[PDB]
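Chemist: Submitted below is the structure of interest, expressed as structure tokens.
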Amino acid sequence: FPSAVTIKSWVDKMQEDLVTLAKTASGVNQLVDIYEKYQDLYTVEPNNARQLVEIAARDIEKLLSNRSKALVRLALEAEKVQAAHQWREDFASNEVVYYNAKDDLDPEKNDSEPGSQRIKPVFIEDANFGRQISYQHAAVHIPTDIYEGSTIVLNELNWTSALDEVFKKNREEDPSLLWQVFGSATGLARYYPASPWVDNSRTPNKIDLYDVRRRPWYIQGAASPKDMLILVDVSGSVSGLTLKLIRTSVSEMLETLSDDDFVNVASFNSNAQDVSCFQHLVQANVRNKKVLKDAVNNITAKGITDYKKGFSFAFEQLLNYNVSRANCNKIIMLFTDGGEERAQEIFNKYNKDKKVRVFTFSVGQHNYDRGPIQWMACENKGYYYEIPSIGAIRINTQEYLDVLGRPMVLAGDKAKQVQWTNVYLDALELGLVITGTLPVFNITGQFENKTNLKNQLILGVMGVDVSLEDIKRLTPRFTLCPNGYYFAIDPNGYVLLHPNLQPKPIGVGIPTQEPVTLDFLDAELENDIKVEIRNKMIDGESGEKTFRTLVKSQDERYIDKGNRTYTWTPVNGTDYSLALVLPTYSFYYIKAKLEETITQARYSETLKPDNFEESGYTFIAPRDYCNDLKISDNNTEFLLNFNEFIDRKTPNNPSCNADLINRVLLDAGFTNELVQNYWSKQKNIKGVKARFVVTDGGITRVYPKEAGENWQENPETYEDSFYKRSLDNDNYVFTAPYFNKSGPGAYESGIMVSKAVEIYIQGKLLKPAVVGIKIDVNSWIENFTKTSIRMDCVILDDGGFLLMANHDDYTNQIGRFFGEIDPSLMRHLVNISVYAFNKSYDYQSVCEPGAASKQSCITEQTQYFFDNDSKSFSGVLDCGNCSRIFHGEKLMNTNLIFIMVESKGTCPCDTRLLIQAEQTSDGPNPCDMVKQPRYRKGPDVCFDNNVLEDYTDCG
Ligand SMILES: *[C@@H]1O[C@H](CO)[C@@H](O[C@@H]2O[C@H](CO)[C@@H](O)[C@H](O[C@@H]3O[C@H](CO)[C@@H](O)[C@H](O)[C@@H]3O)[C@H]2NC(C)=O)[C@H](O)[C@H]1NC(C)=O
Ligand SMILES: *[C@@H]1O[C@H](CO)[C@@H](O[C@@H]2O[C@H](CO)[C@@H](O[C@@H]3O[C@H](CO)[C@@H](O)[C@H](O)[C@@H]3O)[C@H](O)[C@H]2NC(C)=O)[C@H](O)[C@H]1NC(C)=O
Ligand SMILES: *[C@@H]1O[C@H](CO)[C@@H](O[C@@H]2O[C@H](CO)[C@@H](O[C@@H]3O[C@H](CO)[C@@H](O)[C@H](O)[C@@H]3O)[C@H](O)[C@H]2NC(C)=O)[C@H](O)[C@H]1NC(C)=O
Ligand SMILES: *[C@@H]1O[C@H](CO)[C@@H](O)[C@H](O)[C@H]1NC(C)=O
Ligand SMILES: *[C@@H]1O[C@H](CO)[C@@H](O)[C@H](O)[C@H]1NC(C)=O
Ligand SMILES: *[C@@H]1O[C@H](CO)[C@@H](O)[C@H](O)[C@H]1NC(C)=O
Ligand SMILES: *[C@@H]1O[C@H](CO)[C@@H](O)[C@H](O)[C@H]1NC(C)=O
Ligand SMILES: *[C@@H]1O[C@H](CO)[C@@H](O)[C@H](O)[C@H]1NC(C)=O
Ligand SMILES: *[C@@H]1O[C@H](CO)[C@@H](O)[C@H](O)[C@H]1NC(C)=O
Ligand SMILES: *[C@@H]1O[C@H](CO)[C@@H](O)[C@H](O)[C@H]1NC(C)=O
Ligand SMILES: *[C@@H]1O[C@H](CO)[C@@H](O)[C@H](O)[C@H]1NC(C)=O
Ligand SMILES: [Ca+2]
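Structure follows, in structure tokens:
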């Protein structure tokens, strides 16, 4: 065992060698002084985060107010044109002409109902929607389980033509509108841009179960937030088919509860108990709904019924005010079959002011008495539903929600307020959208008062979709550092907008149409400062906060010790709150002063893929430079069209943004001046395998043009993990290649090395680019084993990944996590606390399904980093019945640590492994997360318990 000073100087000499090689070949200084050499070619401008947040909040509120105005127009016209409708029973004499969405494109003259003539439209391909779109009329969706020629459906299809016309008007005053739709309460759905239904028109194994009245936006706009409590009657008499139907019905009832709704499930048989681990009303989000569904699926029937001990439990759990709730619409859902017990005194004791509804469901095919079941609904403002078989399950849930909207109708114009739903995946696939709803009231008898029989029910709900990518375009991101970004938030803390929000459903457990509800604390790493910021944003305040944050790298494999500054404002007129993350060095950006029309041309000439031998292999970020350019995943295609458009650019002045092209051309020119005046004068270094420079404008020219085929970084520089990592870290960062990845690999590509330029203009810190070297593995291993005369030696970077070693069998598994190699040293070296680790959760990850294609689960990813700042570490590894010695030295001015451990093939301490990998897991235990739930602000105004409501419709 060499002494500490010997291997200390050893590490010092390797770090001197590596730093000198990287600094020379990379040419940080040459790119720097090129950047300061042309201060007359640009201007440095500030990123006033306060004004940026205010501007983006104003823009988003303007967009949402535009959609609100569209909704108001549509709802007013719907009410007016249904008020003046004449009921009919004969449509043979007067056909209704409409386009049915699930019509085959074949010119079939025989696909018409008696009372309806079908339109055959001319479908154009549209860029906004990505489907066939006809602007000449609205399309109609009628569920399969609903006949499309009955009297109700035919009358609705008759009076919705004015809706069609107002659809046209709305789209004519605002060409950016997406799907705008009337969700009828008869089952129909009439959206304006006529497009064929998704895949379910006529396709085997593609059945169309879509029903507009179950959709989250319809569920949301049809009533006010609930406080359910599903009483399931698991007694003896419900065994067999009845219990199957009850558990399916409870699942389908839970599938109609939003995140503003609170629900628990109880079950009684001579004794009432909770079916799950929850002891009170919990929020009805995806995780809690799954827990309740599992508990209901795991339920068995036994014992004698007792309707008094069950309703006592229900009324007691609805009297709990210690927990978070939505103090509104208290309900009891009784899932029984029948009995001769009315329990008058329980109701008279607990529900005497009749503050709580009771919806009773007589599930099953049986001959038990159904009188008390129908009476509990009458004396408690409820309604009585029957579920004789699966297939009747879907319709009755929509129907209690039909009942709950009576108090909302009676409040004439105080109940017509626009509400936006959680981020969900559109049916007519558009990606991620939020829908703004407004309910439509039946106003036939009004100011000419008639019997007004069913004037307490809504006609439907009008929705208009806002694309999430449409919100993303109101928050311009390219004037910020690749580490700076915007994000918005719900009142529940979910993110309207965030870089880590992907168009995938939220995972809920282990694999074996829910909304994309991703909390703010789960889209990032969670400190306590971030909990304070989240609570401040939910309340709708404004403020600033500068602090130190662990910023996880994009590749989800490292953690860096960042330096952030959150500024937030509420978006006026809505429930959303916008914030802007901004690094401390990102307060200034370079504004390209390209107005010569010739300098930009001599910059542009560098970009055709015919000069890729004096200038490096060029990739361009597929940004929206001009709208006539379509971004392409195949990058060289986009480069070709970019060159083509640059060839004739001058007349396209208003067609596109000048700033992006000016900056990208300026950066291309600077990169060319670097690659010729410093890289083309040398042409060859033994150690290097590739020299690259990546710039925020989009230029990522890699020099040799040979490793450019081995280059696997994203063309858009703002999504380059190493580029974002190297800006926060003001030092050299080595990115260990991927292990066991099918492709160019590591030997014939090298290992990535990078440092970020740190130029100063007017005494301001701004970092416009990164340079780097793809050091070859052999040219390092020879130099590492060259000095061995002056075996177990390993090099580790941040995250504990083996960059390279000496045993020559570890170098076979290069880049692989060191804990997978010898986990005992990994655990011990963590125990010294040189490597801290953070374990977090990824709710939006694809997942291989096991046993009890790929589903989505919650994966539990961990990342390691330098816990302490100390440089020298020594100790003894107390292996089981043996002893091992190590010394650790962190190379100065890099992210590396050298471990001098001398022990191979000793007694087996390889009991387990430290597998730093995206491990499949269950999420946090929900039974423990509902007792300290995250802060959350419920909706303010809700409508229940009106005195004009006519309860004599128990059905
Ligand atoms: C292992 O291989 C060679 C060993 O010679 C390393 O390169 C040498 O690194 C030392 C570090 O201190 C330099 O002095 C050697 O010469 C230098 O060359 C540069 C070239 O620009 C000059 O500017 C310097 O002034 C100095 O003369 C250098 N020699 C060569 C031929 O590169 C090599 O970096 C190392 N392998 C790895 C992967 O780092
Ligand atoms: C909105 O409310 C109005 C009234 O509040 C509804 O119109 C009424 O609908 C009923 C059907 O439920 C009509 O009764 C029917 O009349 C025909 C012909 O007279 C008869 O053959 C049927 O057996 C049935 O009795 C009623 O005439 C009609 N109008 C009025 C003034 O009551 C309307 O249906 C509601 N909106 C929707 C979308 O349902
Ligand atoms: C994620 O990684 C961070 C790395 O900073 C972890 O934060 C650190 O956690 C340790 C363990 O709790 C904290 O040490 C504790 O400090 C308190 C206060 O001095 C002391 O009383 C305890 O005995 C313990 O030593 C450490 O302070 C904390 N770092 C900071 C900056 O606060 C974090 O725990 C990891 N996990 C998660 C889920 O964040
Ligand atoms: C929102 O309204 C408040 C007070 O009405 C105002 O101070 C703030 O500047 C407004 N924000 C925006 C973005 O208009
Ligand atoms: C809102 O609509 C007006 C005209 O109807 C339009 O000028 C404006 O650009 C729209 N706002 C947004 C954010 O698109
Ligand atoms: C209802 O049907 C009649 C007869 O076909 C038609 O004249 C009327 O315009 C229809 N209503 C609407 C709102 O189009
Ligand atoms: C839940 O399922 C397990 C496994 O089938 C079973 O042992 C347990 O009894 C079930 N829970 C209840 C409350 O019956
Ligand atoms: C709520 O808290 C009070 C006092 O902390 C306690 O007496 C009561 O038992 C708790 N539970 C309910 C359901 O009120
Ligand atoms: C940002 O970094 C500097 C030095 O790199 C440090 O002094 C400062 O405290 C950091 N910011 C915060 C908010 O701690
Ligand atoms: C990309 O586009 C270019 C230009 O048409 C073509 O030569 C190349 O084969 C394409 N590559 C891929 C992978 O599509
Ligand atoms: C280190 O290991 C010891 C025993 O092996 C354990 O008690 C301790 O919790 C571990 N972690 C730290 C930080 O000491
Ligand atoms: Ca019974």
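Quick note, the sequence shown lines up with residues 27 to 538, 554 to 831, 848 to 909, 970 to 1072 if you use the entry's author numbering. Yeah, the Cβ is synthetic: ideal placement off N, Cα and C, and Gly gets one too.
1. Report buried or exposed for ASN468, applying the criterion of at least 16 other Cβ atoms within 10 angstroms of its Cβ.
2. Within 10 Å of its beta-carbon, does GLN41 have 16 or more other beta-carbons around it, so buried, or fewer, so exposed?
3. In angstroms with no decimal places, state the Cα-to-Cα distance between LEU701 and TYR666.
4. Skipping 5 residues on each side, what residues in its chain have a beta carbon closer than 6 Å to that of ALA862?
5. Only counting the same chain, and skipping five residues up and downstream in sequence, which positions put a Cβ closer than 7 Å to that of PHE27?
6. I'd like to confirm something about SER790: is its beta-carbon nearer than 8 Å to some heavy atom of ligand 5, or not?
7. Decide if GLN723 is buried, meaning its Cβ has at least 16 other Cβ atoms within 10 Å, or exposed.
8. Identify which residue in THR979, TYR217, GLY175, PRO529 has its Cα closest to the Cα of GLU495.
9. Measure the alpha-carbon distance for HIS163 versus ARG84 and round it to whole angstroms.
10. Write down every uninterrupted run of the beta strand (DSSP E) in the region 34 to 79 whose length is 3 residues or greater and which is fully enclosed by it, in chain order.
11. Note down, in chain order, each residue of its chain lying with its Cβ closer than 8 Å to the Cβ of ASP771, except the 5 sequence neighbours on either side.
12. So, are the CB atoms of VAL322 and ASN1010 less than 9 Å apart?
13. Could you please give me the residues that DSSP links to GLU585 through a beta bridge?
14. Note down, in chain order, each residue of its chain lying with its Cβ closer than 6 Å to the Cβ of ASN526, except the 5 sequence neighbours on either side.
15. Determine the burial state of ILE159: buried for a count of at least 16 other Cβ atoms within 10 Å of its Cβ, exposed for fewer.
16. How long is the line joining the alpha carbons of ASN576 and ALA731, rounded to whole angstroms?
17. For the structure I just gave you, are there three or more beta carbon pairs, one from the region 1053 to 1065 and one from the region 243 to 252, closer than 8 Å?
18. Which whole runs of the alpha helix (DSSP H) in the region 629 to 663 are 4 residues long or more, in chain order?
19. If you measure from the CB of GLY462, is any heavy atom of ligand 1 nearer than 8 Å?
20. Any idea if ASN613 is buried or exposed, counting beta-carbon neighbours within 10 angstroms, 16 or more meaning buried?
21. I want to check one thing, is the minimum distance from the CB of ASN92 to the heavy atoms of ligand 5 below 8 Å?
22. Does the separation of the CB atoms of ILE145 and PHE711 fall below 9 Å?
23. List the endpoints of the continuous beta strand (DSSP E) containing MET359.
24. Within a Cβ cutoff of 8 Å, which residues of the same chain sit near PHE683, ignoring the five residues on either side of it in sequence?
25. Considering only the alpha carbon of each residue, which of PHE990, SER881, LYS971 lies closest to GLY1022?
26. Under 7 Å Cβ to Cβ from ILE233, same chain only, skipping five residues before and after it: list those, please.
27. Run through DSSP, which three-state label would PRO809 get?
28. With a cut-off of 5 Å, give the chain-ordered residues whose Cβ is closer than this to any heavy atom of ligand 4.
29. Among residues of its own chain, excluding the 5 on either side of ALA369, which ones have a beta-carbon nearer than 7 Å to its beta-carbon?
30. Rounded to whole angstroms, what is the Cα-Cα separation between residue 540 and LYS1007?
31. Could you tell me whether any non-hydrogen atom of ligand 7 is closer than 8 Å to the CB of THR326?
32. Regarding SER987 and ligand 11, is the C-beta to nearest heavy atom distance less than 8 Å?
33. Under 9 Å, do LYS1048 and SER820 count as touching if we go by C-beta distance?
34. According to DSSP, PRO465 sits in a beta bridge with which residue or residues?
35. So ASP300 is in the beta strand (DSSP E); what residue range does that whole segment cover?
36. Give the DSSP-derived three-state secondary structure of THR268 in the structure shown.
Modeler: Based on what the coordinates show:
1. That one is buried.
2. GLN41 is buried by the Cβ-count criterion.
3. Going from the Cα of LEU701 to the Cα of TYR666 covers about 6 Å.
4. So the list reads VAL851, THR868, once near-sequence residues are dropped.
5. If we look at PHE27 and ignore the five residues flanking it on each side, its Cβ neighbours are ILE1002, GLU1019.
6. For ligand 5, not one heavy atom lies less than 8 Å from the Cβ of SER790.
7. Residue environment: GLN723 is assigned as exposed (fewer than 16 neighbouring CB atoms within 10 Å of its CB, all protein chains considered).
8. When C-alpha distances from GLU495 are compared across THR979, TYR217, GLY175, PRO529, the shortest belongs to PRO529.
9. Counting only the Cα atoms, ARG84 lies some 33 Å from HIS163.
10. Taking only runs of at least 3 residues, the beta strand (DSSP E) segments lying wholly in the region 34 to 79 are 68 to 72.
11. Hits under 8 Å: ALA797, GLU799.
12. The criterion of a C-beta distance shorter than 9 Å is not satisfied by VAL322 and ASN1010.
13. Bridge pairing for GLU585: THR608 [DSSP].
14. Answer for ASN526: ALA564, listed in chain order.
15. Buried, because 16 or more other Cβ atoms sit within 10 Å of the Cβ of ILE159.
16. Roughly 48 Å separates the two Cα atoms.
17. The region 243 to 252 and the region 1053 to 1065 touch, with three or more beta-carbon pairs separated by less than 8 Å.
18. Listed in chain order, they are 640 to 645.
19. Checking every heavy atom of ligand 1 against the Cβ of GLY462, none is found closer than 8 Å.
20. Counting Cβ neighbours within 10 Å, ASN613 comes out exposed, since fewer than 16 surround it.
21. Checking every heavy atom of ligand 5 against the Cβ of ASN92, one is found closer than 8 Å.
22. The criterion of a C-beta distance shorter than 9 Å is not satisfied by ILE145 and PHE711.
23. Element bounds for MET359: 357 to 362.
24. If the five residues before and after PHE683 are omitted, its C-beta is found closer than 8 Å to the C-beta atoms of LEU648, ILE661, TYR666, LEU670, all from its own chain and listed in chain order.
25. Nearest of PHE990, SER881, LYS971 to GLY1022, Cα basis: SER881.
26. Excluding residues within five positions, the ones whose Cβ falls inside 7 Å are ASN226.
27. Coil at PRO809, not helix or strand.
28. Those satisfying the condition are, in chain order, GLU80, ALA83, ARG84, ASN613.
29. Cβ neighbours of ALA369 beyond the five flanking positions: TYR333, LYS334, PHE337.
30. Not modelled: residue 540, which lies between 538 and 554, the two residues flanking a gap in the chain.
31. Yes, since a heavy atom of ligand 7 falls inside the 8 Å radius drawn around the Cβ of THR326.
32. Here the distance from the Cβ of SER987 to the nearest heavy atom of ligand 11 is not below 8 Å.
33. It is not a contact, given that the beta carbons lie outside the stated cut-off.
34. Partner(s): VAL487.
35. Where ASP300 is concerned, the enclosing beta strand (DSSP E) starts and stops at 298 to 300.
36. It is helical.
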